[PDB]
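The chain that follows stands alone, in the form deposited in one PDB entry, written as structure tokens.
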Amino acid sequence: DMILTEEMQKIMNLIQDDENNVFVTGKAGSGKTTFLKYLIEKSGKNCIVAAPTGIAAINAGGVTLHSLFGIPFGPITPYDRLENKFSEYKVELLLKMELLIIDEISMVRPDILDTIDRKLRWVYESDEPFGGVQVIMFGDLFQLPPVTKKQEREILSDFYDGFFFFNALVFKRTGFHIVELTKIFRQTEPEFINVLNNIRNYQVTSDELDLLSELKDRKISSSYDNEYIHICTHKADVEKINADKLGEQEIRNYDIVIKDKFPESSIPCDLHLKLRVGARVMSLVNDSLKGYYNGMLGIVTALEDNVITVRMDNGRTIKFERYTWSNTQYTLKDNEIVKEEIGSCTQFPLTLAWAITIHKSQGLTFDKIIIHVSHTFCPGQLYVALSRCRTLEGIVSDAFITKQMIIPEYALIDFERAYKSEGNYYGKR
């Protein structure tokens, strides 16, 4: 099924030289996550996969950056004392790590990368950036940026020119190639692709916003008994919609089981899943053999002790059983890095889905969406919402989309221009 595009080939070609660090990014729905999974499978026996959040790490089959490197919470400046001592076994592990793959790099503050650099140089007793470890980073700055507090920006401001990962001081001493994936798979309509790619970059014309005006529809947007999913900025609004529609009549509760070490912030499913016949639900896992994917929507038709029957919007009925997620850590076996399970959790891979937040929609595909617009969108939020849908016809909004809803981050525009001007490379050569 998978196509290896010229851009994907370029990435694989670059990493044949173990001195090359690489940032892989791409337009919405261009195969970043799929290609990450491909690269990991090809990445050999001294590779560690990490991500900045627990759910992202579980999804990637890796570990959190915080656990791997013992990173404290909050901003660390280059001058803050790093005394966090690793265990002997952790040191032995890191000394065998030849390649570090980081997913969702776009949400990582620059000081995090500098702390990783510092700790690896400490472990390797070396002046070489990252202790000489090869680094491959995947993300999308235009969809999934960091969220920072004012106090955090104020601490970092004396040391950093900006608050994205590429602002890390380590990139005065090393650098990375960039490959952007530009073949879009999710959308197929050139007109839709063109407006999405313009919105992505805040190069959109107030004149394209007319094409989007036809998406506004009061009746559909105010309906909750269709097969649209309501995409909202705020968790509280999503919770209210799902709770209101769930109601209190004939509800069944299904409790999570957690075994051993599995931090709550890593748990990707509901702790106490409450459903009824007729509830709109979304699948949380990819299982091609069983005929569902992460993000697939349906309606509950039956509830039993160990099976939840759901008629999916594609017409297929699926008997969902409980799914088990595995929490791992890396260890050594001989001189090779291997994974070991340290905990697990078990629950039906379903969640209520009349509504979803923009944040929880990240990376997912939908056929029919209702976008609840906001006059206080943050950068990338409208783009993420629109780019969830396969086709223009599947999108409805509750009000006209306007230029006020597209907030630019000019640092990102400048970054893109900078690396392109240097042969798709950023930092020290």
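Position 1 is the first residue in the sequence shown; the rest follow in order. The term rigid core refers to the most C-alpha atoms you can superpose between the two forms while keeping them within 1.5 Å.
Missing here is the form deposited in another entry; even so, the following discussion is about that form.
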inquiry  = Quick check for you: superpose on the rigid core, then look between this form and the one not shown for a C-alpha move of 2 Å or more. Which of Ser87, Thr188, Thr77, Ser222 is it?
reply    = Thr188
query = Can a Cα shift of no less than 2 Å be assigned to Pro145 between this form and the one not shown, given superposition on the rigid core?
reply = yes
query = Can a Cα shift of no less than 2 Å be assigned to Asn201 between this form and the one not shown, given superposition on the rigid core?
reply = yes
query = Once the two forms are fit on the core, has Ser43 moved its CA by at least 2 Å between this form and the one not shown?
reply = yes
query = Given a CA distance change of at least 3 Å, are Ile371 and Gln187 closer or farther in that other deposited form?
reply = farther
Cα distance between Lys27 and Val281, which in that other deposited form differs by 3 Å or more from this form, closer or farther = closer
